[PDB]
>>> print(open('structure.pdb').read())   # PDB, C-alpha atoms
ATOM      1  CA  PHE A  24      22.846  10.185   1.142  1.00  0.00           C
ATOM      2  CA  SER A  25      21.050   6.950   1.929  1.00  0.00           C
ATOM      3  CA  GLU A  26      18.212   6.161  -0.498  1.00  0.00           C
ATOM      4  CA  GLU A  27      16.123   5.421   2.571  1.00  0.00           C
ATOM      5  CA  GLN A  28      16.546   9.085   3.415  1.00  0.00           C
ATOM      6  CA  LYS A  29      16.097  10.375  -0.133  1.00  0.00           C
ATOM      7  CA  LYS A  30      12.703   8.661  -0.188  1.00  0.00           C
ATOM      8  CA  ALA A  31      11.792  10.407   3.071  1.00  0.00           C
ATOM      9  CA  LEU A  32      12.767  13.803   1.722  1.00  0.00           C
ATOM     10  CA  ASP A  33      10.739  13.345  -1.455  1.00  0.00           C
ATOM     11  CA  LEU A  34       7.696  12.167   0.555  1.00  0.00           C
ATOM     12  CA  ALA A  35       7.784  14.969   3.047  1.00  0.00           C
ATOM     13  CA  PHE A  36       8.121  17.367   0.159  1.00  0.00           C
ATOM     14  CA  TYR A  37       4.859  16.073  -1.349  1.00  0.00           C
ATOM     15  CA  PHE A  38       3.218  16.745   2.008  1.00  0.00           C
ATOM     16  CA  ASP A  39       4.584  20.149   2.907  1.00  0.00           C
ATOM     17  CA  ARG A  40       7.299  21.904   0.866  1.00  0.00           C
ATOM     18  CA  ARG A  41       7.285  25.138   2.840  1.00  0.00           C
ATOM     19  CA  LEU A  42       9.878  24.581   5.498  1.00  0.00           C
ATOM     20  CA  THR A  43       8.813  26.144   8.676  1.00  0.00           C
ATOM     21  CA  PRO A  44      11.936  26.275  10.939  1.00  0.00           C
ATOM     22  CA  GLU A  45       9.751  24.342  13.359  1.00  0.00           C
ATOM     23  CA  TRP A  46       9.525  21.556  10.808  1.00  0.00           C
ATOM     24  CA  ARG A  47      13.036  21.819   9.462  1.00  0.00           C
ATOM     25  CA  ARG A  48      14.178  21.243  13.030  1.00  0.00           C
ATOM     26  CA  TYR A  49      12.095  18.105  13.007  1.00  0.00           C
ATOM     27  CA  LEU A  50      12.974  16.381   9.726  1.00  0.00           C
ATOM     28  CA  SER A  51      16.619  16.640  10.746  1.00  0.00           C
ATOM     29  CA  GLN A  52      15.875  14.611  13.891  1.00  0.00           C
ATOM     30  CA  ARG A  53      13.795  11.921  12.290  1.00  0.00           C
ATOM     31  CA  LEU A  54      15.934  11.535   9.120  1.00  0.00           C
ATOM     32  CA  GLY A  55      19.372  12.249  10.609  1.00  0.00           C
ATOM     33  CA  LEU A  56      20.529  15.207   8.439  1.00  0.00           C
ATOM     34  CA  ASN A  57      21.570  18.738   9.426  1.00  0.00           C
ATOM     35  CA  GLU A  58      19.342  21.621   8.574  1.00  0.00           C
ATOM     36  CA  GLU A  59      21.329  23.023   5.628  1.00  0.00           C
ATOM     37  CA  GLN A  60      21.006  19.662   3.827  1.00  0.00           C
ATOM     38  CA  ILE A  61      17.255  19.319   4.204  1.00  0.00           C
ATOM     39  CA  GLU A  62      16.734  22.868   2.874  1.00  0.00           C
ATOM     40  CA  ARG A  63      19.059  22.736  -0.176  1.00  0.00           C
ATOM     41  CA  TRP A  64      17.336  19.545  -1.255  1.00  0.00           C
ATOM     42  CA  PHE A  65      13.891  21.129  -1.288  1.00  0.00           C
ATOM     43  CA  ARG A  66      15.479  23.867  -3.382  1.00  0.00           C
ATOM     44  CA  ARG A  67      16.267  21.340  -6.101  1.00  0.00           C
ATOM     45  CA  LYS A  68      12.513  20.644  -6.441  1.00  0.00           C
TER      46      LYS A  68
END
>>> encode(input="structure.pdb", output="structure tokens")
Amino acid sequence: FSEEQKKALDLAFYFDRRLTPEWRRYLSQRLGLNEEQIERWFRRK
């Protein structure tokens, strides 16, 4: 995990933490992760 990404996950979580599949699809494109990684992370918060 790059810390540059970790900071983008934390920040998007303090904006919206309910992952709509329409927004999960997005974060993955902007931050470069695959959808099961973005989800599991939110779970740890």
>>> resolve_selection(input="structure.pdb", expression="the PyMOL selection byres ((chain A and resi 29-39) around 8)", output="NGL selection string")
:A and (24-28 or 40-42 or 54 or 61 or 64-65)
>>> atom_distance(input="structure.pdb", atom1="atom CA of residue 60 of chain A", atom2="atom CA of residue 47 of chain A")
10.0 Å
>>> axis_aligned_box(input="structure.pdb", around="segment 42-61 of chain A", padding_each_side="8 Å", output="AutoDock Vina command-line options")
--center_x 15.2 --center_y 18.9 --center_z 8.9 --size_x 28.8 --size_y 30.7 --size_z 26.1
>>> atom_distance(input="structure.pdb", atom1="atom CA of residue 66 of chain A", atom2="atom CA of residue 48 of chain A")
16.7 Å
>>> build_atoms(input="structure.pdb", residues="segment 43-59 of chain A", atoms="N, CA and C atoms", output="short mmCIF file (atom, residue, chain, number, x, y, z; two decimals), in the frame of the given file")
data_model
loop_
_atom_site.label_atom_id
_atom_site.label_comp_id
_atom_site.auth_asym_id
_atom_site.auth_seq_id
_atom_site.Cartn_x
_atom_site.Cartn_y
_atom_site.Cartn_z
N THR A 43 8.85 25.30 7.52
CA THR A 43 8.81 26.14 8.68
C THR A 43 10.06 25.68 9.43
N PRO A 44 10.82 26.61 10.04
CA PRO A 44 11.94 26.28 10.94
C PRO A 44 11.55 25.30 12.04
N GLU A 45 10.27 25.27 12.37
CA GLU A 45 9.75 24.34 13.36
C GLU A 45 9.62 22.94 12.78
N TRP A 46 9.71 22.84 11.46
CA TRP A 46 9.52 21.56 10.81
C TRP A 46 10.83 21.12 10.17
N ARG A 47 11.67 22.11 9.87
CA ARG A 47 13.04 21.82 9.46
C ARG A 47 13.82 21.21 10.61
N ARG A 48 13.55 21.72 11.80
CA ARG A 48 14.18 21.24 13.03
C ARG A 48 13.84 19.79 13.27
N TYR A 49 12.61 19.46 12.88
CA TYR A 49 12.10 18.10 13.01
C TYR A 49 12.65 17.07 12.04
N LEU A 50 12.50 17.31 10.74
CA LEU A 50 12.97 16.38 9.73
C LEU A 50 14.40 15.97 10.06
N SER A 51 15.25 16.94 10.38
CA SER A 51 16.62 16.64 10.75
C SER A 51 16.75 15.59 11.85
N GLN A 52 15.81 15.57 12.79
CA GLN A 52 15.88 14.61 13.89
C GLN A 52 15.43 13.22 13.51
N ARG A 53 14.43 13.18 12.63
CA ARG A 53 13.80 11.92 12.29
C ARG A 53 14.66 11.27 11.20
N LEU A 54 15.19 12.08 10.27
CA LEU A 54 15.93 11.54 9.12
C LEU A 54 17.46 11.56 9.29
N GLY A 55 17.95 12.25 10.31
CA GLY A 55 19.37 12.25 10.61
C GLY A 55 20.28 13.15 9.76
N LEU A 56 19.75 14.25 9.23
CA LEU A 56 20.53 15.21 8.44
C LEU A 56 20.66 16.50 9.23
N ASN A 57 21.48 17.44 8.76
CA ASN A 57 21.57 18.74 9.43
C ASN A 57 20.89 19.76 8.53
N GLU A 58 20.41 20.83 9.15
CA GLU A 58 19.34 21.62 8.57
C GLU A 58 19.69 22.22 7.21
N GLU A 59 20.97 22.44 6.92
CA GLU A 59 21.33 23.02 5.63
C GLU A 59 21.19 22.03 4.47
#
